[PDB]
Novice: 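Questions regarding the structure given below will be posed in turn.
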Amino acid sequence: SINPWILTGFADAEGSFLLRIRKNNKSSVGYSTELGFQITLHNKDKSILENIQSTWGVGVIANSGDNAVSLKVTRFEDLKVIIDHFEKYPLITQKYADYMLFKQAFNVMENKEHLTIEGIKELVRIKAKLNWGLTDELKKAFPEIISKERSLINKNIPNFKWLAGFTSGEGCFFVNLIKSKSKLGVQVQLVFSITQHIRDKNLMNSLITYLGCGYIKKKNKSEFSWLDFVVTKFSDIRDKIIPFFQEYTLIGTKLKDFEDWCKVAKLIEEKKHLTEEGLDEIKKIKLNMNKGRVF
DNA sequence: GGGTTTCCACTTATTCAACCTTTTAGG
DNA sequence: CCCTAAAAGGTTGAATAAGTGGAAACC
Ligand SMILES: [Ca+2]
Ligand SMILES: [Ca+2]
Ligand SMILES: [Ca+2]
């Protein structure tokens, strides 16, 4: 079982809303629809999608390839459980707009309007603003649907447990080894990062006030660019970040990386990172965390 | 048969997470 | 000058997000 604010936070990170408008000869209006919500994680974290499936009592889980597992909810009657949860515990990222389009599509299909050509047209207008918008095929079939206008989402973090769910998705507990010509040769630096597209710059900035520490780093790769909420000062990590997530527990395999992160934190707090044996212990923990974990 | 929904194997594109080094701050 | 800590500054690839083909299940 999972906490409802924890789940929305995770759904802001991972999770996605789908609207399929598929050409289908056997449909009277020539199109069939499929609506729902889905999350795709590494096989690593299939436990998360089992706890969500069990808390909602809805969703089917299936492999999304060799390295990935998927939780998909499409059965139309079952999306009421999705909508009921997100109405009481709403998303706060730009995905909240994708959710509202999804809810608008729900009302279309609930009123059986998707079986009318006009209802398909409204669904194509909803799809045009949803996620990556219209397909080439749907653009060709509907050259009049042009608005890719996205509503702007701006909400505050509604709950401590929300950030714990979001950090379970976009968080990273990293142990950096700054190599130098010193006697030890390396400086151990704990880094806590939360990554997000520049779509939610104001939400990323708000973390600095919400947690009372950190700063924002802008990264880019060719046409794409994102942000990072970064904490590198150790006193903030020891007094704020670790006590925060120790009281609002994370979920998934990323939790085990946080526990090892705290193990390194106790060692540096004791100045053991200045020694040869203490620095070797930190390296053995860093090797077994994150991409080095044995499962 | 004439339609509609749901499931499941699977793909694609990118936004992530995780990993690096060099430099500056601060005592 | 000495010292380590914190910040600045990237790159990378895959776990994500988002979507697709096909067809069994349904009405
Ligand atoms: Ca995300
Ligand atoms: Ca994640
Ligand atoms: Ca993510």
Side-chain angles (χ1 to χ4, degrees), chain A residues 11-45 59-70 72-79 93 95 98 109 112 114-115 127 130-135 167-178 184 186-200 213-217 219-228 230-237 252-254 257 268 273-274 286 289-293:
Chain A
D12 264 307
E14 331 293 15
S16 181
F17 293 89
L18 67 99
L19 167 57
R20 298 181 80 181
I21 296 149
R22 339 174 50 182
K23 175 166 193 296
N24 175 6
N25 307 111
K26 291 244 211 68
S27 294
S28 321
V29 298
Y31 289 86
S32 67
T33 67
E34 186 163 358
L35 183 73
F37 163 82
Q38 69 179 340
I39 309 182
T40 296
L41 317 175
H42 194 282
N43 301 332
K44 182 129 46 48
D45 283 308
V60 312
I61 293 160
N63 296 343
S64 185
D66 306 316
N67 294 119
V69 64
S70 90
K72 298 179 192 257
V73 182
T74 58
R75 178 182 291 273
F76 188 80
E77 195 67 30
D78 285 352
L79 309 167
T93 62
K95 199 174 305 308
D98 295 305
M109 296 169 190
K112 321 303 295 194
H114 57 301
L115 311 180
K127 170 98 168 178
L130 166 68
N131 301 337
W132 296 338
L134 302 167
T135 52
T167 313
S168 294
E170 327 291 24
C172 174
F173 302 99
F174 180 59
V175 171
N176 190 203
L177 298 183
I178 287 91
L184 301 119
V186 313
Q187 164 209 357
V188 188
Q189 162 189 67
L190 291 189
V191 188
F192 168 69
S193 67
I194 299 189
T195 317
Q196 199 77 355
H197 195 270
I198 74 182
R199 289 197 318 179
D200 271 310
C213 63
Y215 52 104
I216 298 302
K217 293 174 71 170
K219 322 212 162 180
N220 71 87
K221 165 167 59 172
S222 310
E223 323 94 45
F224 321 94
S225 53
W226 58 99
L227 305 176
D228 270 294
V230 191
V231 187
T232 38
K233 176 182 291 190
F234 180 76
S235 53
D236 295 330
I237 289 202
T253 300
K254 193 171 297 290
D257 301 297
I268 165 177
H273 73 284
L274 303 181
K286 170 174 159 95
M289 56 185 323
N290 295 173
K291 309 187 87 176
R293 195 160 283 290

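First the proteins, then the strands, lettered A, B, ... as listed; each starts at 1.
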Novice: CZ of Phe174(A) versus P of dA6(C): gap in Å, rounded?
Specialist: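 In whole Å, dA6(C) P and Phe174(A) CZ are 16 Å from each other.
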Novice: Among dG19(C), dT5(B), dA18(B), find the nucleotide with the atom closest to the side chain of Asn131(A).
Specialist: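 So the nucleotide nearest the side chain must be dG19(C).
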Novice: Does the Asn176(A) side chain pair with the main chain of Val188(A), one donor and one acceptor, at a distance under 3.5 Å?
Specialist: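 Pair absent, no side-chain N/O of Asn176(A) close to backbone of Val188(A).
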Novice: Output yes when a side-chain donor or acceptor of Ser70(A) lies under 3.5 Å from a complementary backbone atom of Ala62(A), and no otherwise.
Specialist: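 A pair under 3.5 Å: yes.
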Novice: Can you measure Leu35(A) atom CG to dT5(B) atom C1' for me and round it to whole angstrom units?
Specialist: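 Answer to the nearest Å: 12 Å.
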Novice: For the side chain of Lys217(A) and the base of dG9(C), is some donor closer than 3.5 Å to an acceptor across the two?
Specialist: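 Such a pair exists between side chain and base.
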Novice: Look at the side chain of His42(A) and decide which nucleotide, out of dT6(B), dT16(C), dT23(B), has an atom nearest to it.
Specialist: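 Selected nucleotide (nearest to the side chain): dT16(C).
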Novice: Where the side chain of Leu41(A) is defined as all heavy atoms beyond and including C-beta, which of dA15(C), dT16(C), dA18(B) is the nearest nucleotide?
Specialist: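 For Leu41(A), the side-chain atoms sit closest to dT16(C).
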Novice: Return yes if the base of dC3(C) and the side-chain atoms of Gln187(A) contain a donor-acceptor N/O pair under 3.5 Å, otherwise no.
Specialist: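 Flag unset: no donor-acceptor pair detected.
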Novice: Just do the side-chain contact (heavy atoms from CB on, under 4.5 Å) check on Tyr31(A) and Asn24(A) with the steps written out, would you?
Specialist: CA-CA 5 Å; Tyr31(A) 289 86; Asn24(A) 175 6; over 6 Å; no
Novice: Among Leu19(A), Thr33(A), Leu18(A), find the one that has a side chain to side chain contact (heavy atoms under 4.5 Å, CB included) with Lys127(A).
Specialist: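 For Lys127(A), the side chain to side chain contact (heavy atoms under 4.5 Å, CB included) check succeeds only for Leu19(A).
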Novice: Measure from the side-chain heavy atoms of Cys172(A) and tell me the nearest of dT16(C), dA17(C), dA17(B).
Specialist: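 That would be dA17(B).
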Novice: Look at the side chain of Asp257(A) and the backbone N and O of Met289(A), then say whether any donor-acceptor pair between them is shorter than 3.5 Å.
Specialist: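 Side chain of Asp257(A) to backbone of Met289(A), a donor-acceptor pair under 3.5 Å: no, none is there.
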Novice: If we ignore hydrogens and angles and just use 3.5 Å, is the side chain of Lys254(A) paired with the main-chain N or O of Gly171(A) as donor and acceptor?
Specialist: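 Present.
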Novice: I want to verify a distance call: between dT4(C), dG21(C), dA6(C), whose nearest atom is closest to the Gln189(A) side chain?
Specialist: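 Selected nucleotide (nearest to the side chain): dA6(C).
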Novice: For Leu18(A) and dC7(B), what is the distance between atoms CG and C1' respectively, to the nearest whole Å?
Specialist: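 So the two atoms are 13 Å apart, to the nearest Å.
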Novice: For a quick check, tell me whether the side chain of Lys26(A) and the base of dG3(B) share a donor-acceptor pair closer than 3.5 Å.
Specialist: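 Under the 3.5 Å cut-off, the side chain and the base do not form any donor-acceptor pair.
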Novice: If I take atom CD in residue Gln38(A) and atom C1' in nucleotide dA15(C), what distance separates them, rounded to the nearest angstrom?
Specialist: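 Computing the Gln38(A):CD to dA15(C):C1' distance gives 14 Å.
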Novice: Using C1' atoms of five pairs at each end, report the bend of the helix from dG2(B)-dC27(C) to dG27(B)-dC2(C) rounded to 10 degrees.
Specialist: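 It works out to 40° between the end axes.
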Novice: Which parts of nucleotides 9-16 of chain B does protein reach within less than 4.0 Å, heavy atoms only, written one letter per nucleotide 5' to 3' as B for base, S for sugar-phosphate only and - for none?
Specialist: -BB-SSBB
Novice: Relative to the 5' end of DNA chain B, which residue comes earlier, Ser27(A) or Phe173(A), by the nucleotide with the nearest heavy atom?
Specialist: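 That would be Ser27(A).
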Novice: Between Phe17(A) (CZ) and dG19(C) (P), how many Å, whole number?
Specialist: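 In whole Å, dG19(C) P and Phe17(A) CZ are 12 Å from each other.
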Novice: Quick one: does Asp45(A)'s side chain have a donor or acceptor within less than 3.5 Å of a partner on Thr253(A)'s backbone?
Specialist: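 Answer holds: yes.
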Novice: Does any N or O in the side chain of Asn131(A) come within less than 3.5 Å of the main-chain N or O of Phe17(A), such that one atom is a donor and the other an acceptor?
Specialist: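 Yes, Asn131(A) side chain to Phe17(A) backbone: donor-acceptor pair under 3.5 Å.
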Novice: Do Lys291(A) and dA14(C) have a side chain to base donor-acceptor pair shorter than 3.5 Å?
Specialist: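 When only heavy-atom distances are counted, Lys291(A) does not reach the base of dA14(C) through any donor-acceptor pair under 3.5 Å.
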Novice: So, north or south for the sugar of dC20(B), given that a negative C1'-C2'-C3'-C4' angle means south?
Specialist: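 On the sign test, where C1'-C2'-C3'-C4' is positive, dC20(B) is classed north.
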Novice: Ignoring hydrogens and geometry beyond distance, is the side chain of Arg22(A) in donor-acceptor contact with the base of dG22(C) at under 3.5 Å?
Specialist: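 Side chain to base: pair found, below 3.5 Å.
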Novice: Would you please say whether a donor-acceptor pair under 3.5 Å links the side chains of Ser225(A) and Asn220(A)?
Specialist: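 Per modelled atom types, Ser225(A) and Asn220(A) side chains form no pair under 3.5 Å.
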Novice: Among residues at least two apart in sequence or on other chains, which ones pass side-chain hydrogen bond (donor to acceptor under 3.5 Å, both in side chains) with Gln38(A)?
Specialist: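 Scan of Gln38(A) (side-chain hydrogen bond (donor to acceptor under 3.5 Å, both in side chains), adjacent residues dropped) gives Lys72(A).
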Novice: Roughly how many Å is it from CG in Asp228(A) to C1' in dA7(C), rounded to a whole number?
Specialist: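 Taking atom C1' of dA7(C) as the reference, CG of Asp228(A) is at 14 Å.
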Novice: In whole angstrom, what separates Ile21(A)'s CD1 from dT5(B)'s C1'?
Specialist: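 Taking CD1 of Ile21(A) and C1' of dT5(B), I get 16 Å after rounding.
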Novice: Pick base, sugar-phosphate or nothing for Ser28(A), based on heavy-atom distances below 4.0 Å to the nucleic acid.
Specialist: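 Contact class for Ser28(A): sugar-phosphate only.
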Novice: Please give, in whole Å, the distance from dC8(B) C1' to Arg75(A) CZ?
Specialist: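 Computing the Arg75(A):CZ to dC8(B):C1' distance gives 14 Å.
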Novice: Quick check: does any side chain N or O of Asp228(A) sit under 3.5 Å from a backbone N or O of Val230(A), one acting as donor and the other as acceptor?
Specialist: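 Pair absent, no side-chain N/O of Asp228(A) close to backbone of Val230(A).
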Novice: Is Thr74(A) close enough to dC7(B) that one of its side-chain N or O atoms is under 4.0 Å from OP1 or OP2 there?
Specialist: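 Answer yes for this pair, as a side-chain N or O of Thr74(A) is under 4.0 Å from OP1 or OP2.
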Novice: Which listed nucleotide (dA5(C), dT22(B), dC20(B)) is nearest to the side chain of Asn176(A)?
Specialist: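 The answer is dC20(B).
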Novice: Within the structure, does a side-chain N or O atom of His273(A) lie under 4.0 Å from either OP1 or OP2 of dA5(C)?
Specialist: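 True: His273(A) side-chain N/O within range (under 4.0 Å) of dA5(C) OP1/OP2.
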